[PDB]
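This document opens with one chain alone, in structure tokens, the form deposited in one PDB entry.
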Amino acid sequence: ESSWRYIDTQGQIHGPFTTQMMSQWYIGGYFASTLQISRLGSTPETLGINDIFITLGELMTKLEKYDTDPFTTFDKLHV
């Protein structure tokens, strides 16, 4: 699993935190879409997000590109 850092409201960097920890906090409502996050570059990845800070909202927008339509998305999850 990945690890992540984030920048808080005052500018302080926190982490590394596992995907599990970040996911839990997100689902818990602790993170605004404006929050800056960074994925630690533990593995190569083609999205280009390793070690940079982008907003949560920007990360979500990037990930949406993979979900082109519900038919392919259904098959990718279920077939």
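Shifts are known only where both forms have a C-alpha. Start at 1 and count along the sequence shown; that's the residue number. C-alpha atoms forming the largest set that superposes within 1.5 Å between two forms make up the rigid core.
One more form of this protein, deposited with a partner chain bound, exists but is not displayed; see below.
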Has each of 8, 31 and 35 got a heavy atom lying within 4.5 angstroms of the partner chain in the entry with it bound? yes
Residue contact check: residue 14 to the partner chain in the entry with it bound, 4.5 Å heavy atom: yes
Picking from 68, 18, 61, 24, which residue has its CA shift by 2 Å or more between this form and the one not shown, once the rigid core of the two forms is superposed? 68
Can you list the runs of 3 or more residues whose CA atoms move by 2 Å or more between this form and the one not shown, with the rigid core superposed? 65 to 79
